[PDB]
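S.K.: Next up is a structure, given as structure tokens.
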Amino acid sequence: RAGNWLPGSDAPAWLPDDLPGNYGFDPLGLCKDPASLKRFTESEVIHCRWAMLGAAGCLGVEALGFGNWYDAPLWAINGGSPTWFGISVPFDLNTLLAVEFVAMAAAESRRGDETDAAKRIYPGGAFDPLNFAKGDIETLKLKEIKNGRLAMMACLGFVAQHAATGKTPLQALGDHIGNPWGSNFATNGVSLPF
Amino acid sequence: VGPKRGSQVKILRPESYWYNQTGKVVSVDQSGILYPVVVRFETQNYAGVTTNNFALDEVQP
Amino acid sequence: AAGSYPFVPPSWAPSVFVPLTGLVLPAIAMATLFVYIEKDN
Amino acid sequence: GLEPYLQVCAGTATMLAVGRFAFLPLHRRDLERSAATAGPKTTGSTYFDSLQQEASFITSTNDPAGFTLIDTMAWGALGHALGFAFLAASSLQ
Amino acid sequence: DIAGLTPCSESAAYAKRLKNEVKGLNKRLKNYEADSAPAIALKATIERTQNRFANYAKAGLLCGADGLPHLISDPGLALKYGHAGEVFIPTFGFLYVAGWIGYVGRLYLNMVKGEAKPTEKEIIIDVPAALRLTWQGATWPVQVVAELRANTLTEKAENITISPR
Amino acid sequence: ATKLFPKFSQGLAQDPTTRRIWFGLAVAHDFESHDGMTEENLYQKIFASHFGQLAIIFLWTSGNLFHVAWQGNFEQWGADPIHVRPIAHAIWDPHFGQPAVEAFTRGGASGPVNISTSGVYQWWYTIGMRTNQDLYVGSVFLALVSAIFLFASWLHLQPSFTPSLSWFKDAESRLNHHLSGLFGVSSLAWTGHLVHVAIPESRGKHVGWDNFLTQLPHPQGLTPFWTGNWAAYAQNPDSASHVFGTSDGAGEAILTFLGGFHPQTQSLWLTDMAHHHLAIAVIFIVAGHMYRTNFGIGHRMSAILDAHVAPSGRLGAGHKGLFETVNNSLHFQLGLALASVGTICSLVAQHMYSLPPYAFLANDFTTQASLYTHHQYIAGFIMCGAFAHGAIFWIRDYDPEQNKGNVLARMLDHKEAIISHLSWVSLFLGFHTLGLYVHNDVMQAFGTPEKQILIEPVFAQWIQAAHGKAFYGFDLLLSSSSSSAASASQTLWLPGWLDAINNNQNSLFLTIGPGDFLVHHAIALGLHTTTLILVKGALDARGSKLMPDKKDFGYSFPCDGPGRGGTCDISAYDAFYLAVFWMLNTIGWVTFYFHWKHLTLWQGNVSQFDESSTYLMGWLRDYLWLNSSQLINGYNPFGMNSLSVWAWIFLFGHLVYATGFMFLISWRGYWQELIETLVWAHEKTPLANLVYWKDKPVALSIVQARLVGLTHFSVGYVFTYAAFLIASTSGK
Amino acid sequence: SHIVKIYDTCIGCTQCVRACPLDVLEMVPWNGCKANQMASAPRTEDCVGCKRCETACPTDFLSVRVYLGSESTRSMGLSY
Ligand code: CLA
Ligand code: CLA
Ligand code: CLA
Ligand code: CLA
Ligand SMILES: CC1=C[C@H](O)CC(C)(C)[C@H]1/C=C/C(C)=C/C=C/C(C)=C/C=C/C=C(C)/C=C/C=C(C)/C=C/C1=C(C)C[C@H](O)CC1(C)C
Ligand SMILES: CC1=C[C@H](O)CC(C)(C)[C@H]1/C=C/C(C)=C/C=C/C(C)=C/C=C/C=C(C)/C=C/C=C(C)/C=C/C1=C(C)C[C@H](O)CC1(C)C
Ligand SMILES: CC1=C(/C=C/C(C)=C\C=C\C(C)=C/C=C/C=C(C)\C=C\C=C(C)\C=C\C2=C(C)C[C@@H](O)CC2(C)C)C(C)(C)CCC1
Ligand SMILES: CC1=C(/C=C/C(C)=C/C=C/C(C)=C/C=C/C=C(C)/C=C/C=C(C)/C=C/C2=C(C)CCCC2(C)C)C(C)(C)CCC1
Ligand SMILES: CC1=C(/C=C/C(C)=C\C=C\C(C)=C\C=C\C=C(C)\C=C\C=C(C)/C=C/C2=C(C)CCCC2(C)C)C(C)(C)CCC1
Ligand SMILES: CCCCCCCCCCCCO[C@@H]1O[C@H](CO)[C@@H](O[C@H]2O[C@H](CO)[C@@H](O)[C@H](O)[C@H]2O)[C@H](O)[C@H]1O
Ligand code: SF4
Ligand SMILES: [Ca+2]
């Protein structure tokens with residue numbers, strides 16, 4: 001496996017040992033049905049990859065100095081122009097929505113159409129140009145799934161903190177480091193009831 | 001043939017007031033009688049009867 | 001057959017339709033059915 | 001330019017193209033399993049109920065990948081409702 | 001506050017309801033001599049009324065234009081604004097006694113089951129054993145849960161008679 | 001000897017008793033039981049019977065238009081709809097005395113007439129009708145439609161035009177056609193009336209059959225629609241200064257989203273009603289293009305139902321094996337239809353009081369009250385039929401081996417769970433809802449009103465605040481403008497929805513108090529109990545420890561004898577028979593709450609309801625007793641007024657209601673033996689012995705008397721209330 | 001006429017027979033019970049549907065079943 005979610009626990013037999021990232025965490029037994037287990041496994045990796053990209057982009061737009069993750073689709077409403085790295089991109093929400101649709105309509109359908117249930121989550125080939133898989137792939141898969149579970153949770157954190165703290169991820173961090181005990185989920189108003 | 005006299009058997013007959021319920025085998029006619037296992041019940045059916053002859057397959061110790 | 005709509009009932013229509021429907025018409029229906037209901041097979 | 005043609009044409013084109021090369025195979029696969037396996041054959045026989053029986057003109061298209069007229073009037077119909085929802089949305093809302 | 005419900009302490013109608021209700025008893029006191037039991041009684045009703053029509057307001061009972069105290073059910077509203085004494089707190093009180101009565105009953109039923117003729121201990125109740133099981137229901141919640149986490153509170157589905165489908 | 005009356009039932013035809021005549025009328029439209037019945041013939045007969053019902057509906061509508069035109073005050077009422085009273089028809093009673101002839105001359109007539117409470121006037125005005133000709137033309141048109149359907153009943157029953165069972169079992173297509181054509185093309189078609197006739201007529205401009213092909217509905221024309229600039233049709237809406245039927249304040253919009261209600265009419269705007277039908281029509285047509293037909297692209301319903309099985313196996317085989325169950329059972333389908341129609345019948349009443357959809361509808365209080373009560377009662381009877389036919393499905397058309405593990409078969413598995421849990425909720429609602437009414441009554445009697453328990457309906461008040469109600473002061477969603485939802489709609493219907501919802505002179509989200517809390521929970525008790533009765537009968541329709549062979553005994557059987565203690569009322573027909581009473585009790589409470597909440601609203605004494613409703617004594621003295629004062633005085637030893645018919649009906653209702661009791665309290669036996677004595681007397685009586693009965697006189701059947709008493713009981717509850725609801729609302 | 005059917009669940013008690021008010025049931029010989037008897041319903045043309053026999057059937061459920069159906073002068077018990 002990769003460890004135990006609750007040191008001491010056992011079982012999750014329905015979760016096979018080879019599954020990349022098996023820490024045994026399935027309390028509500030959502031993976032018992034073999035079919036559902038297949039879909040859930042593929043979806044997790046798909047979610048991880050998207051989540052990792054999002055977290056990096058959410059922090060990057062702020063780290064480099066071009067804005068925040070939330071105030072980015074503001075131009076399409078305020079009435080401005082797109083701006084990647086400052087460079088004004090010559091498009092409009094309408095043309096972007098259409099470009100996205102066809103682009104995702106083809107790539108996603110292509111991935112879904114592929115029926116291997118092992119190459120639908122790990123295609124490799126053109127998707128592995130530097131061929132990093134050679135020599136050992138399980139550890140990289142674990143890092144991919146583990147780093148992704150960190151990103152999926154982080155991406156939720158950014159939205160939650162913006163919803164309650166109403167601050168950008170990087171800015172909210174500084175607030176915590178600033179006065180740790182006085183700038184937490186607790187001292188916010190929405191998180192805790194009392 | 002049949003559960004031992006006195007043995008409590010779970011009734012398996014669907015239309016039996018004592019279905020899923022247990023009863024003591026008063027006797028089991030060792031002839032070819034269709035339903036040979038006479039089973040007695042502390043509870044009584046709506047009619048008031050507290051016993052009934054069930055077939056060997058209708059009883060499970 | 002006057003004014004605009006040419007099918008506006010006459011003022012005596014109520015003094016005929018109401019009597020017929022409720023006294024004459026029903027009697028025919030009850031009697032006709034009575035015979036059918038008792039009709040032998 | 002940006003007249004109804006721009007919005008209607010784009011919508012129609014995108015949906016038809018996405019339904020002629022992207023979802024077309026999935027569309028065919030879904031049609032099969034649905035009508036042949038779980039669903040059986042209808043219109044057993046008898047009566048002038050041949051109306052419910054499948055036509056034929058629909059099953060006559062040289063178009064590669066078998067893009068039938070119904071498919072062209074299907075994805076195209078979806079496209080003519082995007083061209084008119086995008087233009088209409090910009091009209092007011 | 002809450003739903004336009006003014007506090008009875010600030011409810012004018014509530015005050016009028018007092019004035020007019022004590023006047024209606026101070027007009028029935030006049031037609032009686034100062035010492036008669038009739039009059040001692042009507043003076044107690046006036047005192048009891050003047051105490052109740054104040055115990056209520058002091059309890060912060062919000063009342064509408066009618067001047068009649070209203071109750072808040074939402075736990076969040078009742079707790080956040082100190083209206084827990086109404087409905088909220090009373091709710092658990094009944095639940096505890098309710099479960100106490102039910103638990104003690106099942107304890108007795110399951111003891112007489114088995115015992116000789118269980119049907120004759122339901123008509124002629126065994127008051128001794130019935131009196132040894134009443135206090136056992138004091139900690140019913142503790143015992144009831146211990147039975148859920150042991151599969152003994154309910155019966156197996158293959159031992160309960162069911163009507164033909 | 002054998003008779004011919006019961007052609008379908010030879011047993012009844014050979015019956016020597018009179019029961020053959022009674023049952024012959026009952027078992028008449030139960031073809032599934034008729035001697036020599038095939039599934040295809042059954043469907044063909046039902047299909048034709050449907051045409052017959054459609055002929056009656058159109059013929060019924062034509063008659064109303066005809067009598068409103070020939071004997072009505074439409075043009076006069078249209079001129080002054082807030083003073084003139086709509087006239088339904090004339091009273092030609094050859095028994096009326098002169099004071100009756102005088103008192104019933106009202107609403108502007110030259111003879112005794114009947115004011116209408118159906119509200120057809122307000123509706124026909126809003127849709128464009130202005131003269132009596134419009135009514136005559138419509139009546140003739142609908143009459144022709146009725147004639148066409150009548151011929152169709154004949155055509156579809158004559159060889160070569162009789163649909164095969166396969167056509168009757170063609171669901172995918174039927175649903176597609178009905179959703180796109182029957183529902184969609186009939187909504188866009190309606191938008192076409194509104195945009196072209198109703199809206200212009202409301203703005204004072206005759207666009208009838210004489211000039212419709214030449215009158216532009218919108219000044220710009222179809223140009224904006226073609227250019228995509230659809231907004232042009234939502235510019236220049238009718239101003240608040242607009243007067244219905246007049247160019248005063250008239251605008252130019254054809255489709256908009258203003259929300260709220262027209263100021264003068266106090267009813268939803270026509271343009272907002274035009275765009276509604278246009279929007280829904282588009283959805284219906286697109287939804288129609290879903291199921292598979294004879295072309296290819298499409299969804300096979302069977303596949304969808306079978307592909308929906310919970311992977312956890314909690315729902316067993318899920319909906320697999322259900323398509324045939326619904327397609328091959330005409331009771332399952334009828335039950336779903338009655339359930340759907342019933343529920344929507346209630347939405348019409350709950351959404352037509354709050355949002356008057358017709359001009360000057362709110363002004364007419366008597367119409368509003370008589371329309372709510374009509375639909376709410378009709379809805380209740382429909383719901384009883386839903387469960388009723390559902391129980392018939394369980395016995396007449398359920399295959400326990402095909403439905404094995406499907407969601408339908410795993411329902412009887414936990415039948416006790418469903419029934420018992422419905423018992424606990426009913427008891428909880430009953431013990432408490434009543435206890436807090438008696439408690440308040442005791443406090444009222446002991447002059448301690450402050451001590452009475454008045455729980456606040458905070459949960460409902462928050463749903464009201466969410467919609468924008470501010471009285472409560474919760475500042476939630478629409479109540480808070482700085483919100484997202486509030487800001488988003490601020491440029492659409494929001495500006496109006498609030499103005500209307502925050503006006504206490506109408507019925508949009510009326511202020512609720514602790515009195516409403518108790519009655520609402522009482523309504524829930526009726527909903528749960530009535531449901532429990534029907535559900536218990538449906539689940540135990542073909543099974544029960546007392547009668548394990550109920551399916552073998554059919555649906556309507558008196559009892560299984562005095563054996564096993566008592567089998568009286570054990571048939572699933574008797575769960576219906578009993579549920580009817582609870583249904584009437586439930587609807588009774590709902591239609592009494594409407595009337596009082598609103599009578600107090602209309603009289604201006606809202607505090608009357610806000611206080612008397614808390615205790616039950618207030619409901620009787622302040623509502624039933626106080627309002628009945630006028631109705632009962634329709635005819636007194638000093639004279640009679642126009643409310644005489646309602647007073648006569650009010651008493652008539654009590655008579656029919658009480659008569660129903662005898663058939664329910666008394667049972668078949670005392671009457672049977674009594675009939676035996678009567679038979680003896682007649683045979684012995686001279687001069688009368690000559691005349692004799694062709695059918696042997698017998699007492700009413702055990703099940704028969706149950707329905708006869710229930711019909712009397714129901715008819716009473718309806719006439720007695722209809723009298724009150726109309727004579728108390730009109731009297732003021 | 002009502003339909004009376006005797007199921008194999010008969011013990012030949014003859015109680016249903018000694019209970020019929022219109023001689024509709026009789027006891028015929030059989031081999032599936034130790035009483036070597038099984039009630040038959042020869043004359044269901046005289047059945048009134050009283051269901052007295054069922055009230056006299058001691059076997060689980062009911063070995064004798066009266067399905068009230070068509071009604072005649074005899075079935076309705078009419079002396080008119
Ligand atoms: C029995 C059913 C029931 C119903 C119909 C409601 C209904 C309601 N509750 Mg509630 N509640 C219930 C059970 C119920 N509750 C139970 C069993 C508990 C104990 C756990 C609570 C504890 C609770 C709290 C702590 C609060 C509510 C609150 C509310 C109101 C708004 C909160 C919301 O959006 O949804 C319902 C919310 C819950 C069921 C619990 C979650 C707590 C909510 C989400 C926090 C919202 C705070 C905020 C001030 C609410 C804004 C309301 C608006 C008018 C401004 C609302 C009318 C809020 C309130 O109005 O009090 C001031 C609130 O603070 N409830
Ligand atoms: C040990 C006694 C006992 C217990 C534990 C229960 C428990 C229960 N009953 Mg029940 N009941 C009882 C006695 C009891 N009942 C008696 C004597 C009657 C005849 C009047 C009923 C009639 C009854 C009905 C009609 C229903 C229930 C229902 C229920 C269930 C719903 C929960 C509830 O609110 O209670 C409900 C309790 C009542 C409605 C009335 C009983 C209340 C009495 C006063 C409690 C019994 C006290 C007992 C005499 C103490 C014995 C002590 C011993 C030393 C002698 C629940 C599990 C409901 C159900 O089935 O849920 C699915 C329901 O429909 N009960
Ligand atoms: C476009 C094609 C089309 C259309 C328009 C219809 C239309 C109809 N079919 Mg049909 N059918 C079709 C194709 C079609 N069918 C096909 C292809 C098949 C072969 C499978 C069938 C097989 C079939 C059968 C077997 C039956 C029908 C029946 C019916 C009628 C239903 C009865 C009714 O009154 O509904 C009317 C409902 C609406 C007009 C809309 C419903 C809206 C709800 C109910 C209320 C809306 C009220 C509104 C909000 C306010 C009103 C205010 C004021 C006007 C009062 C209906 C008129 C039944 C019938 O014959 O009845 C006579 C029936 O038995 N059809
Ligand atoms: C005013 C007349 C009336 C009343 C009050 C009721 C009341 C009730 N009916 Mg009912 N019904 C009626 C007429 C009435 N019915 C008629 C005319 C018919 C047609 C025959 C039906 C047919 C019918 C059916 C088919 C069913 C009901 C059911 C119910 C119960 C629903 C569950 C509930 O609310 O529990 C609430 C409990 C109460 C309101 C009782 C209050 C508590 C008592 C009064 C206090 C205890 C006693 C007190 C201390 C002192 C009194 C006794 C003392 C002298 C010793 C309920 C108690 C359903 C049922 O049985 O429930 C499972 C159901 O199946 N009814
Ligand atoms: C295990 C278990 C078992 C048992 O049985 C039960 C339970 C417990 C329940 C379970 C759990 C589960 C979980 C945890 C889940 C999670 C999920 C998530 C969170 C996801 C994310 C997810 C997330 C994600 C994807 C993300 C995404 C993102 C993206 C795309 C992008 C974004 C962006 C950026 C760049 C920036 C800009 O400016 C903007 C934008 C453009 C917008
Ligand atoms: C396929 C291929 C092939 C060839 O051959 C080779 C190569 C090229 C190498 C490959 C590629 C790969 C890739 C693409 C990768 C990616 C990665 C990533 C991006 C990750 C992220 C990842 C990401 C992540 C985890 C995230 C994380 C986050 C976290 C923790 C947290 C955060 C935050 C919060 C909440 C709030 C505060 O206030 C602040 C902070 C604290 C700041
Ligand atoms: C917070 C609270 C309320 C909130 C209620 C809400 C939001 C949800 C309520 C769910 C509720 C009340 C109940 C769900 C019950 C479901 C189950 C399966 C429990 C069944 C209980 C059982 C079987 C126990 C029975 C008992 C046993 C075995 C022994 C004895 O304990 C006696 C007995 C019969 C109790 C509101 C209404 C606002 C109001 C304010 C109190
Ligand atoms: C041959 C071929 C091809 C193709 C071509 C084309 C051009 C195609 C297209 C076709 C098309 C072109 C299709 C379409 C279809 C569509 C339809 C058939 C429908 C339409 C319309 C609509 C759907 C609308 C609707 C509506 C209205 C009416 C009103 C308003 C509202 C709405 C909009 C909704 C190519 C060249 C590539 C190459 C090879 C050969
Ligand atoms: C009578 C009456 C009624 C009833 C109604 C119904 C039930 C039905 C009707 C129906 C109708 C009476 C309808 C109408 C129709 C007409 C039309 C329909 C025409 C049109 C014309 C034109 C010229 C157009 C054409 C077209 C189309 C169609 C499509 C597209 C294209 C176009 C536009 C070209 C009521 C009760 C309400 C009341 C009052 C009286
Ligand atoms: C901001 C954007 C948010 C996401 C927007 C898109 C939502 C997700 C797509 C919805 C439409 C999916 O459309 C379709 O889904 C099915 C269901 O798995 C996929 O189907 C694919 O996986 C299933 C899994 O059982 C296979 O049986 C099938 O052979 C395969 O093609 C298709 O590849 C995809 O084209
Ligand atoms: S009294 Fe009537 S309903 Fe009851 S068991 Fe006897 S015959 Fe049947
Ligand atoms: Ca006109």
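By convention in this document, the chains of the structure tokens carry letters A, B, ... by their order, each chain's residues are numbered from 1, and ligands are numbered from 1 in the order they are shown.
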Return as a ChimeraX atom specification every polymer residue, whether protein, DNA or RNA, with at least one atom no more than 7 Å from an atom of ligand 4; count only C-alpha atoms and all ligand atoms.
M.R.: /F:423,426-431,434,525,529,532-533,575,578-579,581-582
S.K.: Using only N, CA and C atoms, please write the residues we just selected to a file, as a compact mmCIF listing (two decimals), in the first residue's frame.
M.R.:
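Result went into result_29.txt, see below:
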```txt
# COMPACT_ATOMS: atom_id res chain seq x y z
N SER F 423 -47.78 5.93 10.00
CA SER F 423 -48.64 5.91 11.21
C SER F 423 -48.04 6.83 12.28
N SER F 426 -48.49 10.54 11.42
CA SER F 426 -49.91 10.94 11.57
C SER F 426 -50.25 11.12 13.05
N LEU F 427 -49.86 10.15 13.89
CA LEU F 427 -50.14 10.23 15.35
C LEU F 427 -49.45 11.48 15.92
N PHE F 428 -48.17 11.66 15.61
CA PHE F 428 -47.41 12.82 16.15
C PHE F 428 -48.13 14.11 15.76
N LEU F 429 -48.43 14.27 14.47
CA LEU F 429 -49.12 15.49 13.99
C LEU F 429 -50.47 15.61 14.70
N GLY F 430 -51.21 14.50 14.81
CA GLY F 430 -52.55 14.54 15.43
C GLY F 430 -52.50 14.87 16.91
N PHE F 431 -51.74 14.11 17.69
CA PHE F 431 -51.71 14.32 19.16
C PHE F 431 -51.32 15.76 19.48
N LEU F 434 -53.66 19.04 17.60
CA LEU F 434 -54.95 19.23 18.32
C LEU F 434 -54.66 19.69 19.75
N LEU F 525 -51.24 16.78 8.60
CA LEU F 525 -51.85 15.57 9.21
C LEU F 525 -52.81 14.92 8.21
N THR F 529 -52.23 11.27 6.74
CA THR F 529 -53.25 10.24 7.08
C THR F 529 -53.91 9.73 5.80
N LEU F 532 -51.70 7.58 4.19
CA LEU F 532 -51.50 6.29 4.89
C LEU F 532 -52.64 5.34 4.52
N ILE F 533 -53.88 5.83 4.55
CA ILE F 533 -55.06 4.97 4.24
C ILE F 533 -54.89 4.39 2.84
N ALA F 575 -60.12 0.93 1.29
CA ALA F 575 -59.10 1.92 1.69
C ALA F 575 -59.46 3.18 0.94
N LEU F 578 -62.68 4.74 2.59
CA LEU F 578 -62.39 5.43 3.88
C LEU F 578 -61.53 6.67 3.62
N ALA F 579 -60.57 6.58 2.70
CA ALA F 579 -59.66 7.71 2.43
C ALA F 579 -60.46 8.93 1.95
N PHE F 581 -63.25 10.15 2.98
CA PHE F 581 -63.70 10.96 4.13
C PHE F 581 -62.54 11.84 4.62
N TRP F 582 -61.37 11.25 4.81
CA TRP F 582 -60.19 12.01 5.29
C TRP F 582 -59.80 13.07 4.25
```
S.K.: Could you list the protein, DNA and RNA residues that have any atom within 6 Å of ligand 3, counting only C-alpha atoms and all ligand atoms, and write them as JSON, numbers by chain?
M.R.: {"F": [47, 50, 51, 54, 167, 168, 170, 171, 173, 174, 177, 178, 181, 182, 183]}
S.K.: Give me the residues within 10 Å of residue 71 (chain D) as a PyMOL selection string, counting only C-alpha atoms and dropping any in the same chain fewer than 6 places off.
M.R.: (chain D and resi 16+19-20+24+27+58+77) or (chain F and resi 295-297)
S.K.: Mind dumping the selected residues with C-alpha atoms as a short mmCIF file (atom, residue, chain, number, x, y, z; two decimals), in the first residue's frame?
M.R.:
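Result went into result_12.cif, see below:
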```
data_model
loop_
_atom_site.label_atom_id
_atom_site.label_comp_id
_atom_site.auth_asym_id
_atom_site.auth_seq_id
_atom_site.Cartn_x
_atom_site.Cartn_y
_atom_site.Cartn_z
CA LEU D 16 -21.98 19.95 -36.86
CA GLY D 19 -20.94 15.99 -34.04
CA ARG D 20 -19.32 14.85 -37.32
CA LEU D 24 -20.32 11.06 -33.92
CA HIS D 27 -23.47 8.90 -30.82
CA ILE D 58 -32.40 8.45 -43.25
CA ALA D 77 -30.47 22.21 -34.97
CA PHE F 295 -35.40 7.78 -38.13
CA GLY F 296 -32.51 6.76 -35.81
CA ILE F 297 -31.14 9.52 -33.50
#
```
S.K.: Using only C-alpha atoms, which protein or nucleic acid residues come within 7 Å of region 98-113 of chain F? Drop anything in the same chain fewer than 4 positions from it, and give the result as a compact mmCIF listing (two decimals) with C-alpha atoms, in the first residue's frame.
M.R.:
```txt
# COMPACT_ATOMS: atom_id res chain seq x y z
CA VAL F 84 -71.15 45.20 -12.98
CA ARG F 85 -71.60 41.57 -11.80
CA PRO F 86 -71.01 38.89 -14.52
CA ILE F 87 -74.36 37.20 -15.43
CA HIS F 89 -77.64 32.68 -17.34
CA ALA F 90 -81.37 33.49 -16.85
CA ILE F 91 -83.70 31.73 -14.32
CA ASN F 641 -83.77 38.13 -1.17
CA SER F 642 -81.37 37.00 -3.89
```
S.K.: At a cut-off of 10 Å, list the chain G residues touching chain F, using only C-alpha atoms, as a list in words.
M.R.: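 Listing them in order of chain and number gives residues 1, 49, 50, 51, 52, 53, 54, 55, 56, 57, 61, 62, 65, 66, 67, 68, 69, 70, 71, 72, 73, 75, 76, 78, 79 and 80 of chain G.
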S.K.: What are the residues of chain F that have an atom within 10 Å of an atom of chain E, counting only C-alpha atoms, as a PyMOL selection string?
M.R.: chain F and resi 400+409+411-416+447-459+461-462+465+470-474+513-514+539-550+607+610-611
S.K.: May I have the selected residues written with C-alpha atoms, as a CSV table (one decimal), in the first residue's frame?
M.R.:
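Result went into part_10.csv, see below:
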```
chain,number,residue,atom,x,y,z
F,400,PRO,CA,-44.3,-10.7,-9.3
F,409,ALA,CA,-41.0,-5.2,-5.9
F,411,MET,CA,-41.5,-1.7,-2.0
F,412,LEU,CA,-43.8,-4.5,-0.8
F,413,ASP,CA,-40.6,-5.9,0.9
F,414,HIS,CA,-40.6,-2.9,3.3
F,415,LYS,CA,-44.4,-2.3,3.0
F,416,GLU,CA,-44.7,-2.4,6.8
F,447,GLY,CA,-59.4,34.2,30.2
F,448,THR,CA,-55.7,33.6,30.1
F,449,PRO,CA,-54.9,34.3,26.4
F,450,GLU,CA,-51.2,35.2,27.2
F,451,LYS,CA,-50.8,31.6,28.6
F,452,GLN,CA,-51.9,30.1,25.2
F,453,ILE,CA,-49.0,28.5,23.3
F,454,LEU,CA,-48.4,30.4,20.0
F,455,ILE,CA,-45.3,28.9,18.1
F,456,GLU,CA,-44.0,31.3,15.4
F,457,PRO,CA,-43.8,29.9,11.8
F,458,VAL,CA,-40.1,31.1,11.5
F,459,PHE,CA,-39.2,28.5,8.8
F,461,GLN,CA,-41.2,33.5,7.3
F,462,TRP,CA,-37.5,32.9,6.2
F,465,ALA,CA,-37.8,36.9,3.5
F,470,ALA,CA,-39.2,42.5,4.5
F,471,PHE,CA,-41.9,42.7,7.3
F,472,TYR,CA,-40.1,39.9,9.2
F,473,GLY,CA,-36.7,41.7,9.1
F,474,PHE,CA,-34.3,38.8,8.3
F,513,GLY,CA,-48.7,34.4,12.1
F,514,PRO,CA,-48.8,31.6,14.8
F,539,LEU,CA,-49.6,-2.3,-0.4
F,540,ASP,CA,-52.1,-4.7,1.1
F,541,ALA,CA,-54.1,-4.8,-2.1
F,542,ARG,CA,-53.2,-8.5,-2.9
F,543,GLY,CA,-51.8,-9.6,0.5
F,544,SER,CA,-52.5,-9.5,4.3
F,545,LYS,CA,-52.2,-11.9,7.3
F,546,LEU,CA,-56.0,-11.7,7.7
F,547,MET,CA,-56.7,-12.2,3.9
F,548,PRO,CA,-53.5,-13.7,2.2
F,549,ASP,CA,-55.6,-14.4,-0.9
F,550,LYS,CA,-57.0,-10.9,-1.4
F,607,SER,CA,-56.3,41.1,13.4
F,610,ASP,CA,-54.5,36.8,13.5
F,611,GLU,CA,-56.1,36.2,16.9
```
S.K.: Would you compute the distance between CA of residue 666 (chain F) and CA of residue 699 (chain F)? Give it in Å to one decimal.
M.R.: 11.8 Å
S.K.: Compute the set of protein, DNA and RNA residues whose minimum atom distance to ligand 2 is at most 6 Å, using only C-alpha atoms and all ligand atoms, and state it as a VMD selection string.
M.R.: (chain E and resid 102 105 to 106 108 130) or (chain F and resid 420 to 421 423 to 424)
S.K.: Could you dump the residues just selected with C-alpha atoms as a tab-separated table (two decimals), in the first residue's frame?
M.R.:
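Output file out13.tsv follows:
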```
chain	number	residue	atom	x	y	z
E	102	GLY	CA	-40.47	3.37	26.60
E	105	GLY	CA	-41.61	-0.77	29.36
E	106	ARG	CA	-39.48	-2.89	26.97
E	108	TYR	CA	-40.36	-5.37	31.68
E	130	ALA	CA	-42.24	-3.31	37.66
F	420	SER	CA	-45.86	2.05	10.04
F	421	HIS	CA	-43.72	5.19	9.54
F	423	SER	CA	-48.64	5.91	11.21
F	424	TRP	CA	-46.08	7.53	13.58
```
S.K.: Calculate how many Å separate atom 2 (C, counted along the ligand's line) of ligand 7 from CA of residue 432 (chain F), rounding to one decimal.
M.R.: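 These two atoms are separated by 15.3 Å.
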